[PDB]
Amino acid sequence: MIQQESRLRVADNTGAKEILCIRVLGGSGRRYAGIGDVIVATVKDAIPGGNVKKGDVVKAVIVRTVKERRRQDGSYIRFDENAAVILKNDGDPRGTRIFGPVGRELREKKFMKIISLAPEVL
Amino acid sequence: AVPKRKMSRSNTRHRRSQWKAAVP
Amino acid sequence: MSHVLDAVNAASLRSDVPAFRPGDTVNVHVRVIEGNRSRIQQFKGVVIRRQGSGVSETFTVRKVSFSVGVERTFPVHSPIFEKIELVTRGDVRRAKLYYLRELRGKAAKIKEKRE
Amino acid sequence: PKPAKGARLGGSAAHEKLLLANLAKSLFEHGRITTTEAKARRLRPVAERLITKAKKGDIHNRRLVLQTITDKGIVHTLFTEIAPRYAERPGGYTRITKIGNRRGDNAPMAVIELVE
Amino acid sequence: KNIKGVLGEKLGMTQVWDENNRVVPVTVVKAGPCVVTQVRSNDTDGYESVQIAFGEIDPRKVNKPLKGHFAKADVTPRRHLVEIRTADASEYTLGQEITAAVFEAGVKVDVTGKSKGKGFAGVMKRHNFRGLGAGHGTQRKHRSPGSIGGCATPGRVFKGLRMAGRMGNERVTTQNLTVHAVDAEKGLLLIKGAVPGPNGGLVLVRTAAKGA
RNA sequence: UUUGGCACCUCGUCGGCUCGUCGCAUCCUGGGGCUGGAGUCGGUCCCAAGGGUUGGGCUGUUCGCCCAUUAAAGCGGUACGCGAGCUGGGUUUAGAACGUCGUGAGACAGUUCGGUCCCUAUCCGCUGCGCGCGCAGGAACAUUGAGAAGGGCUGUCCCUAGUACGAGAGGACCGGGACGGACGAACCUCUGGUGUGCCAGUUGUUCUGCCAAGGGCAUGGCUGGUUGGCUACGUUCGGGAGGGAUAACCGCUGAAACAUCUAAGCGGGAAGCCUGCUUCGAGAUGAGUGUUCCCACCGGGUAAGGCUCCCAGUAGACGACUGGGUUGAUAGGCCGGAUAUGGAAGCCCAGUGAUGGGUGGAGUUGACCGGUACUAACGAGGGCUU
RNA sequence: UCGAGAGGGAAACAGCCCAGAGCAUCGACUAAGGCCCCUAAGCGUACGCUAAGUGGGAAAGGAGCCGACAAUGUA
RNA sequence: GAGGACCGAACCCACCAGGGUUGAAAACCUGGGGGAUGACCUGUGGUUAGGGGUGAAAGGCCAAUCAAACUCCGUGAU
């Protein structure tokens with residue numbers, strides 16, 4: 001569960017490192033976002049010379065969460081850190097490389113390019 | 001708070017009747 | 001009055017599972033089902049807890065994949081994994097290995113139990 | 001034995017343990033004590049468990065009883081006089097009898113004694 | 001509309017796994033066997049309904065008025081009675097046994113029972129009121145209701161306003177619970193969800209009131 | 001609902017939070033007329049108050065601007081609702097300073113830093129719970145429903161279809177599915193939380209004669225776990241469909257006098273109204289209905305059946321409700337399990353020692369489960385008239 | 001007129017309509033106002049108008065009607 | 001091995017918060033907080049008295065009372 005004023009590590013190479021969650025999309029008053037939920041965030045820390053500069057307002061998809069998430073089969077998955085991937089307006093990732101594992105919840109939500117680029121999907 | 005009026009004799013005695021002991 | 005509850009909690013029970021403990025490295029053969037084709041994903045990691053009762057037993061497996069500590073909690077009797085392979089044994093002195101969340105690298109390794 | 005709901009006897013959890021431990025001391029010393037009804041009800045399961053441990057009699061159990069009754073003399077009588085008496089009886093080692101309310105605070109009293 | 005019903009007794013909850021390997025948390029209901037003891041009708045009693053008597057009680061704890069009411073239908077005295085308000089009560093017969101397997105897998109039921117008690121619940125726990133914040137200097141009102149009305153107009157607390165009172169222990173009916181499995185040997189019902197009332201309570205299971 | 005005038009009652013202003021409640025002059029959702037309405041979307045107007053109406057930056061702020069969303073971020077009344085409910089930031093005390101005015105004490109709808117917010121609920125009111133009596137015989141059980149309360153929110157994607165519409169760009173009505181947001185209820189199988197209960201490690205000190213093993217205190221000394229219970233961040237479920245009458249509006253037949261939706265009549269027509277769903281419900285004094293039981297005695301004893309007392313929880317502030325009371329598994333204890341911790345004590349072996357290995361998934365162990373009696377279990381004799 | 005004025009009427013309503021209380025009265029006639037029931041006395045007699053519950057609130061203006069429209073609950 | 005030096009108990013004080021508010025207390029309690037070798041704190045004995053005292057200055061303090069103490073008297077003021 002990631003909410004407003006939450007900070008996420010960026011898992012791709014767009015040049016951003018840390019983003020602050022501005023809002024959770026998909027409903028009025030929506031409170032928490034998990035794996036596969038799209039959010040609006042601001043870039044709080046970025047690599048010098050990268051594409052995205054500190055202060056930019058971006059949309060990012062959450063790919064890891066520290067709060068364990070239940071699956072249909074009864075099993076759960078959790079990670080050690082909260083991470084997201086910055087998207088373009090068309091729903092495609094801005095970066096070209098993705099670091100660390102990602103959750104399988106992306107498949108049903110049609111983030112196929114995220115998955116194809118991810119080193120491992122658990 | 002404070003009692004607004006002196007309680008009427010009827011109302012006072014309605015209540016004290018409830019303060020009775022039970023036969024053992 | 002749960003006298004007859006265990007009768008219903010003795011049909012869904014699994015028997016393939018081995019007898020492992022917390023601190024024992026295992027290899028779970030999860031059965032991923034991507035629509036048409038279903039492969040068998042392999043999850044190798046330490047067993048940091050095992051809690052519950054009867055049909056509700058759940059164990060947790062932990063691994064570090066590309067510098068990220070992933071955890072997966074499975075029901076011991078869930079018809080999701082083909083088989084559980086007890087790889088090694090642990091020499092831990094606890095029952096909930098929750099102190100492995102912050103330890104990283106050489107310090108966060110469980111020692112084999114040489115008999 | 002199962003813990004108590006609500007307020008602990010004697011005003012604290014720490015006082016309760018030592019309170020029930022010493023009441024058991026007196027019950028084994030004299031075989032019968034008169035005390036408040038609530039205290040008697042709490043004391044029954046504690047004393048009955050101690051007798052169960054004394055029945056077994058081995059050195060290990062003697063440590064375990066000593067964790068509650070620090071008095072070695074009382075424990076000696078427990079293992080050598082009382083436990084042999086109840087060798088055959090399976091539980092229900094104590095008898096609780098209600099008596100009249102106490103003067104002064106109108107606390108309901110009761111007698112708890114070892115079953116002969 | 002036709003409504004089949006049977007009394008049960010919630011036994012606990014467990015989980016199962018449907019063929020698609022989806023954990024399905026079920027509650028075990030020991031429904032049956034229960035017998036019809038009286039059939040009401042339009043003429044005799046005004047409406048259409050059917051009593052069913054479920055339970056186990058030795059004949060020594062039943063008083064004579066009930067002991068003679070059971071002997072009219074020629075059934076051993078049970079302990080709990082209820083009526084199912086149906087529309088086809090003329091198809092039943094005194095003494096008929098309603099087994100556990102009146103329902104089959106997939107059907108949706110409307111379970112009913114006495115919800116768990118909660119004592120004299122406070123304002124927040126019983127109506128989800130908010131508080132006045134732990135910090136920033138709140139004087140002994142961290143969990144108070146707040147206000148309860150306006151000033152001189154109307155100069156009165158509206159009826160039906162939400163206060164703190166005894167919570168729970170009242171009749172509750174959960175709806176469209178799915179009957180996962182019906183184990184006809186023991187006479188159980190694996191129902192996907194959470195039926196009201198504590199373990200050992202007397203639940204009632206009747207067909208879906210809605211969707212018919 | 002503003003700024004005002006009168007001076008008729010009475011010698012903490014504001015803002016925020018909590019909790020409502022009402023109006024419609026409607027922000028969304030629902031229905032419709034016209035359109036300078038090709039389609040998607042709009043403009044205006046008519047009907048419509050059932051529900052819904054987010055989170056932040058600045059400022060005491062209402063207001064206002066802005067950011068990110070949303071189907072939408074409505075306007076108002078209620079002592080500019082609500083301080084015997086909370087705050088006390090501005091504002092109306094005493095301290096001090098700046099600008100200006102004053103010769104001065106001081107003053108300023110100028111500014112600045114600081115500045116005590118009391119109360120045990122008598123009455124009405126509201127939320128729950130009992131006692132008494134009533135309901136013409138006395139009881140046990142189950143219910144009809146006059147009335148009342150609760151709920152009424154909504155999005156995205158797929159098919160229909162890249163179809164009708166169009167220069168094309170774009171792009172439907174209607175109809176059918178899939179998954180969600182917010183809110184509410186029940187529950188504890190799963191996931192998390194607590195744990196003065198349980199298990200283990202360890203610090204200082206003190207005690208049990210000493211070693212060993214343990215107790216007391218130190219926030220449960222601290223720390224690592226944690227069954228039951230209570231829980232939400234967790235699981236499951238709900239908003240509905242349908243029927244009746246309607247608003248705006250759309251019509252059939254049709255005059256008064258060809259035309260007319262109307263003057264007689266007959267239809268369609270809203271998230272709105274009544275039902276349907278959930279719950280309470282015969283003190284509904286209009287006190288109802290059903291099955292069964294007792295039986296026609298002499299102020300009193302009784303029948304059916306209750307109450308008191310005790311053990312408890314499925315209950316609970318106390319009453320109350322539910323089950324059990326030797327014909328007894330109600331509680332405790334005792335046997336076993338499941339859970340929880342995690343390898344007891346003694347002895348042996350290894351080691352100079354701290355320690356390690358074996359005996360042994362050991363010992364301890366509560367609430368969950370199965371067995372087991374060992375302990376404790378006042379109230380009828382039917383009024384009269386037709 | 002009240003102030004300093006009782007009594008009857010206007011539902012209640014010091015100042016409006018009728019009427020100025022020395023005291024008693026289980027008699028009668030009237031004033032303002034009324035006469036279907038609440039509530040005393042007319043469902044009065046006869047002619048005509050109103051179809052809007054107008055009567056039981058209101059304008060410019062439009063063809064008795066529309067204009068007509070706020071907040072606790074008919075009001 | 002100096003210091004109107006540093007940290008910090010006793011001692012002196014009273015910046016913040018909560019409680020208390022017909023209180024345990026007519027000004028306190030609990031947890032934080034400032035000084036803590038100095039212009040410091042404190043005991044005992046003296047001394048300054050009302051348009052007067054004293055005041056590192058708030059109209060502060062002068063017996064729970066101070067923009068002029070308290071008591072008796074003018075006095076049954078107005």
# chains A, B, ... in the order shown; residues from 1 in each chain; ligands from 1

$ select_by_dssp --residues "chain A" --states "strand (DSSP E or B)" --output "ChimeraX atom specification"
/A:2,7-10,12,16-24,33,38-46,57-64,69-70,76-78,83-87,93,98,102,121

$ write_last_selection --atoms "C-alpha atoms" --output "PDB file, in the first residue's frame"
ATOM      1  CA  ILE A   2       1.503   3.254  -1.258  1.00  0.00           C
ATOM      2  CA  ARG A   7       8.372   7.866  -1.766  1.00  0.00           C
ATOM      3  CA  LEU A   8       9.284   5.138  -4.249  1.00  0.00           C
ATOM      4  CA  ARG A   9      12.524   4.005  -5.829  1.00  0.00           C
ATOM      5  CA  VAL A  10      12.519   4.131  -9.617  1.00  0.00           C
ATOM      6  CA  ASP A  12      14.327   1.867 -14.639  1.00  0.00           C
ATOM      7  CA  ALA A  16      15.116   9.514 -11.834  1.00  0.00           C
ATOM      8  CA  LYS A  17      15.926   7.916  -8.483  1.00  0.00           C
ATOM      9  CA  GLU A  18      13.159   8.892  -6.045  1.00  0.00           C
ATOM     10  CA  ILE A  19       9.578   9.958  -6.766  1.00  0.00           C
ATOM     11  CA  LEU A  20       6.944  11.314  -4.378  1.00  0.00           C
ATOM     12  CA  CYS A  21       3.431   9.981  -4.937  1.00  0.00           C
ATOM     13  CA  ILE A  22       1.064  12.846  -5.748  1.00  0.00           C
ATOM     14  CA  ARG A  23      -2.149  10.905  -6.307  1.00  0.00           C
ATOM     15  CA  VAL A  24      -3.574   7.436  -6.884  1.00  0.00           C
ATOM     16  CA  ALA A  33      -2.048   1.578  -4.525  1.00  0.00           C
ATOM     17  CA  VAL A  38      -0.837   3.759 -11.865  1.00  0.00           C
ATOM     18  CA  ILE A  39       0.062   6.871  -9.858  1.00  0.00           C
ATOM     19  CA  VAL A  40       1.146  10.458 -10.474  1.00  0.00           C
ATOM     20  CA  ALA A  41       4.442  11.328  -8.815  1.00  0.00           C
ATOM     21  CA  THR A  42       7.015  14.102  -8.795  1.00  0.00           C
ATOM     22  CA  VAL A  43      10.711  13.415  -9.304  1.00  0.00           C
ATOM     23  CA  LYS A  44      12.421  14.186  -5.992  1.00  0.00           C
ATOM     24  CA  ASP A  45      15.929  12.999  -6.912  1.00  0.00           C
ATOM     25  CA  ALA A  46      17.433  12.357 -10.346  1.00  0.00           C
ATOM     26  CA  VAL A  57       5.505  15.548 -12.694  1.00  0.00           C
ATOM     27  CA  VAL A  58       5.260  12.003 -14.039  1.00  0.00           C
ATOM     28  CA  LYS A  59       2.997   8.956 -14.103  1.00  0.00           C
ATOM     29  CA  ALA A  60       4.512   5.741 -12.761  1.00  0.00           C
ATOM     30  CA  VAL A  61       3.332   2.156 -12.344  1.00  0.00           C
ATOM     31  CA  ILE A  62       4.087   0.417  -9.062  1.00  0.00           C
ATOM     32  CA  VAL A  63       6.021  -2.815  -9.592  1.00  0.00           C
ATOM     33  CA  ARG A  64       7.092  -3.730  -6.038  1.00  0.00           C
ATOM     34  CA  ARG A  69      -0.281  -8.867  -1.481  1.00  0.00           C
ATOM     35  CA  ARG A  70      -2.596 -11.865  -1.630  1.00  0.00           C
ATOM     36  CA  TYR A  76       1.370 -14.070  -0.825  1.00  0.00           C
ATOM     37  CA  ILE A  77       4.352 -12.106  -2.121  1.00  0.00           C
ATOM     38  CA  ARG A  78       6.267  -9.208  -0.622  1.00  0.00           C
ATOM     39  CA  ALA A  83       9.504   0.534  -6.524  1.00  0.00           C
ATOM     40  CA  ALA A  84       7.846   1.962  -9.624  1.00  0.00           C
ATOM     41  CA  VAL A  85       8.520   2.448 -13.332  1.00  0.00           C
ATOM     42  CA  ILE A  86       7.873   5.797 -14.995  1.00  0.00           C
ATOM     43  CA  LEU A  87       5.391   5.538 -17.859  1.00  0.00           C
ATOM     44  CA  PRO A  93       7.640   2.781 -19.988  1.00  0.00           C
ATOM     45  CA  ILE A  98      14.321  -2.386 -15.648  1.00  0.00           C
ATOM     46  CA  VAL A 102       8.653  -7.381 -10.534  1.00  0.00           C
ATOM     47  CA  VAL A 121       8.835 -11.918 -12.662  1.00  0.00           C
TER      48      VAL A 121
END

$ residues_around --residues "region 99-113 of chain D" --least-positions-apart "6" --cutoff "10 Å" --atoms "only C-alpha atoms (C1' of nucleotides)" --output "PyMOL selection string"
chain D and resi 27-28+30-41+43-44+93

$ interface_residues --of "chain E" --to "chain H" --cutoff "10 Å" --atoms "only C-alpha atoms (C1' of nucleotides)" --output "MDAnalysis selection string"
chainID E and resid 136:139

$ closest_atom_pairs --of "chain E" --to "chain G" --cutoff "10 Å" --atoms "only C-alpha atoms (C1' of nucleotides)" --output "tab-separated table"
residue	atom	partner	partner_atom	distance
E:153	CA	G:72	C1'	8.2
E:154	CA	G:72	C1'	6.6
E:156	CA	G:72	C1'	9.8
E:158	CA	G:72	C1'	9.1

$ write_last_selection --atoms "N, CA and C atoms" --output "CSV table (one decimal), in the first residue's frame"
chain,number,residue,atom,x,y,z
E,153,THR,N,-33.1,26.8,17.9
E,153,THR,CA,-33.9,26.1,16.9
E,153,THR,C,-33.2,24.8,16.5
E,154,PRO,N,-33.8,23.6,16.7
E,154,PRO,CA,-35.1,23.3,17.3
E,154,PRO,C,-35.1,23.2,18.8
E,156,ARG,N,-33.8,20.8,20.5
E,156,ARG,CA,-34.2,19.5,20.8
E,156,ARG,C,-33.3,18.5,20.0
E,158,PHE,N,-32.7,15.5,17.7
E,158,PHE,CA,-33.6,14.8,16.8
E,158,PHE,C,-33.7,13.3,17.2

$ closest_atom_pairs --of "chain C" --to "chain E" --cutoff "9 Å" --atoms "only C-alpha atoms" --output "JSON lines"
{"residue": "C:1", "atom": "CA", "partner": "E:11", "partner_atom": "CA", "distance": 6.7}
{"residue": "C:2", "atom": "CA", "partner": "E:11", "partner_atom": "CA", "distance": 6.2}
{"residue": "C:4", "atom": "CA", "partner": "E:186", "partner_atom": "CA", "distance": 8.1}
{"residue": "C:5", "atom": "CA", "partner": "E:11", "partner_atom": "CA", "distance": 7.2}
{"residue": "C:8", "atom": "CA", "partner": "E:14", "partner_atom": "CA", "distance": 8.7}
{"residue": "C:9", "atom": "CA", "partner": "E:14", "partner_atom": "CA", "distance": 7.7}
{"residue": "C:12", "atom": "CA", "partner": "E:16", "partner_atom": "CA", "distance": 7.0}
{"residue": "C:55", "atom": "CA", "partner": "E:15", "partner_atom": "CA", "distance": 7.6}
{"residue": "C:56", "atom": "CA", "partner": "E:15", "partner_atom": "CA", "distance": 7.6}
{"residue": "C:78", "atom": "CA", "partner": "E:17", "partner_atom": "CA", "distance": 7.4}
{"residue": "C:79", "atom": "CA", "partner": "E:21", "partner_atom": "CA", "distance": 6.4}
{"residue": "C:80", "atom": "CA", "partner": "E:21", "partner_atom": "CA", "distance": 6.8}

$ select_by_dssp --residues "region 27-205 of chain E" --states "helix (DSSP H, G or I)" --output "ChimeraX atom specification"
/E:42-45,59-61,64-73,89-91,123-127

$ residues_around --residues "residue 81 (chain E)" --least-positions-apart "4" --cutoff "12 Å" --atoms "only C-alpha atoms (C1' of nucleotides)" --output "NGL selection string"
(:E and (6-8 or 34-38 or 50-56 or 66 or 69-70 or 77 or 202-204)) or (:F and (141-143))

$ residues_around --residues "residue 9 (chain G)" --least-positions-apart "6" --cutoff "12 Å" --atoms "only C-alpha atoms (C1' of nucleotides)" --output "VMD selection string"
chain G and resid 16 to 19 31 to 34

$ write_last_selection --atoms "N, CA and C atoms (P, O5', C5', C4', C3', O3' and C1' of nucleotides)" --output "PDB file, in the first residue's frame"
ATOM      1  P     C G  16     -58.238  50.371  20.229  1.00  0.00           P
ATOM      2  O5'   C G  16     -58.270  49.308  19.046  1.00  0.00           O
ATOM      3  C5'   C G  16     -58.024  49.695  17.702  1.00  0.00           C
ATOM      4  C4'   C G  16     -58.660  48.737  16.725  1.00  0.00           C
ATOM      5  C3'   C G  16     -60.142  48.467  16.927  1.00  0.00           C
ATOM      6  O3'   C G  16     -60.962  49.465  16.347  1.00  0.00           O
ATOM      7  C1'   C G  16     -59.005  46.417  16.644  1.00  0.00           C
ATOM      8  P     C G  17     -62.295  49.960  17.092  1.00  0.00           P
ATOM      9  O5'   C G  17     -63.326  48.768  16.877  1.00  0.00           O
ATOM     10  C5'   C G  17     -64.025  48.614  15.651  1.00  0.00           C
ATOM     11  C4'   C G  17     -65.052  47.514  15.737  1.00  0.00           C
ATOM     12  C3'   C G  17     -66.069  47.640  16.859  1.00  0.00           C
ATOM     13  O3'   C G  17     -67.147  48.500  16.539  1.00  0.00           O
ATOM     14  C1'   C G  17     -65.186  45.457  16.853  1.00  0.00           C
ATOM     15  P     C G  18     -67.849  49.370  17.689  1.00  0.00           P
ATOM     16  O5'   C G  18     -68.497  48.284  18.653  1.00  0.00           O
ATOM     17  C5'   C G  18     -69.604  47.510  18.223  1.00  0.00           C
ATOM     18  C4'   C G  18     -70.139  46.624  19.319  1.00  0.00           C
ATOM     19  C3'   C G  18     -70.414  47.282  20.656  1.00  0.00           C
ATOM     20  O3'   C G  18     -71.624  48.013  20.687  1.00  0.00           O
ATOM     21  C1'   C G  18     -69.308  45.229  21.002  1.00  0.00           C
ATOM     22  P     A G  19     -71.812  49.189  21.760  1.00  0.00           P
ATOM     23  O5'   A G  19     -71.422  48.521  23.146  1.00  0.00           O
ATOM     24  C5'   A G  19     -72.302  47.610  23.785  1.00  0.00           C
ATOM     25  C4'   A G  19     -71.731  47.109  25.086  1.00  0.00           C
ATOM     26  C3'   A G  19     -71.476  48.162  26.150  1.00  0.00           C
ATOM     27  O3'   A G  19     -72.642  48.497  26.880  1.00  0.00           O
ATOM     28  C1'   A G  19     -69.578  46.776  25.944  1.00  0.00           C
ATOM     29  P     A G  31     -78.992  42.040  18.142  1.00  0.00           P
ATOM     30  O5'   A G  31     -77.817  42.823  18.870  1.00  0.00           O
ATOM     31  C5'   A G  31     -77.798  44.240  18.892  1.00  0.00           C
ATOM     32  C4'   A G  31     -76.455  44.769  19.324  1.00  0.00           C
ATOM     33  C3'   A G  31     -75.247  44.219  18.586  1.00  0.00           C
ATOM     34  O3'   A G  31     -75.018  44.896  17.361  1.00  0.00           O
ATOM     35  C1'   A G  31     -74.839  44.230  20.925  1.00  0.00           C
ATOM     36  P     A G  32     -74.817  44.088  15.990  1.00  0.00           P
ATOM     37  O5'   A G  32     -73.266  43.751  15.967  1.00  0.00           O
ATOM     38  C5'   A G  32     -72.296  44.777  15.832  1.00  0.00           C
ATOM     39  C4'   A G  32     -70.941  44.304  16.284  1.00  0.00           C
ATOM     40  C3'   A G  32     -70.422  43.049  15.604  1.00  0.00           C
ATOM     41  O3'   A G  32     -69.780  43.332  14.374  1.00  0.00           O
ATOM     42  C1'   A G  32     -70.193  42.832  17.947  1.00  0.00           C
ATOM     43  P     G G  33     -70.045  42.416  13.085  1.00  0.00           P
ATOM     44  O5'   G G  33     -69.725  40.941  13.585  1.00  0.00           O
ATOM     45  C5'   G G  33     -68.420  40.580  14.010  1.00  0.00           C
ATOM     46  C4'   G G  33     -68.412  39.221  14.663  1.00  0.00           C
ATOM     47  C3'   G G  33     -68.962  38.083  13.825  1.00  0.00           C
ATOM     48  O3'   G G  33     -68.025  37.571  12.896  1.00  0.00           O
ATOM     49  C1'   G G  33     -69.928  37.998  15.970  1.00  0.00           C
ATOM     50  P     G G  34     -68.503  36.519  11.783  1.00  0.00           P
ATOM     51  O5'   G G  34     -68.972  35.262  12.636  1.00  0.00           O
ATOM     52  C5'   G G  34     -69.758  34.236  12.056  1.00  0.00           C
ATOM     53  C4'   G G  34     -70.426  33.399  13.115  1.00  0.00           C
ATOM     54  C3'   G G  34     -71.421  32.368  12.612  1.00  0.00           C
ATOM     55  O3'   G G  34     -70.785  31.175  12.194  1.00  0.00           O
ATOM     56  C1'   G G  34     -72.367  33.576  14.414  1.00  0.00           C
TER      57        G G  34
END

$ atom_distance --atom1 "CA of residue 69 (chain C)" --atom2 "CA of residue 81 (chain A)"
8.4 Å

$ residues_around --residues "region 79-90 of chain D" --least-positions-apart "2" --cutoff "10 Å" --atoms "only C-alpha atoms (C1' of nucleotides)" --output "VMD selection string"
(chain D and resid 28 31 50 to 58 61 to 62 65 74 to 77 92 to 93 114 to 116) or (chain F and resid 333 to 335 372 374)

$ interface_residues --of "chain D" --to "chain F" --cutoff "10 Å" --atoms "only C-alpha atoms (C1' of nucleotides)" --output "ChimeraX atom specification"
/D:1-4,8,12-14,18,41,44-46,48-49,52,58-64,66-72,88-97,115

$ interface_residues --of "chain A" --to "chain E" --cutoff "8 Å" --atoms "only C-alpha atoms" --output "PDB file with N, CA and C atoms, in the first residue's frame"
ATOM      1  N   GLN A  72      -4.849 -15.140  -5.840  1.00  0.00           N
ATOM      2  CA  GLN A  72      -6.048 -15.967  -5.864  1.00  0.00           C
ATOM      3  C   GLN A  72      -5.776 -17.345  -5.277  1.00  0.00           C
ATOM      4  N   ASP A  73      -4.626 -17.928  -5.599  1.00  0.00           N
ATOM      5  CA  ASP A  73      -4.280 -19.267  -5.141  1.00  0.00           C
ATOM      6  C   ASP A  73      -4.003 -19.346  -3.646  1.00  0.00           C
ATOM      7  N   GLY A  74      -4.137 -18.250  -2.904  1.00  0.00           N
ATOM      8  CA  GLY A  74      -3.940 -18.257  -1.471  1.00  0.00           C
ATOM      9  C   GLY A  74      -2.552 -17.866  -1.016  1.00  0.00           C
TER      10      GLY A  74
END

$ interface_residues --of "chain C" --to "chain F" --cutoff "9 Å" --atoms "only C-alpha atoms (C1' of nucleotides)" --output "ChimeraX atom specification"
/C:1-3,52-54,56,93-96,98-99
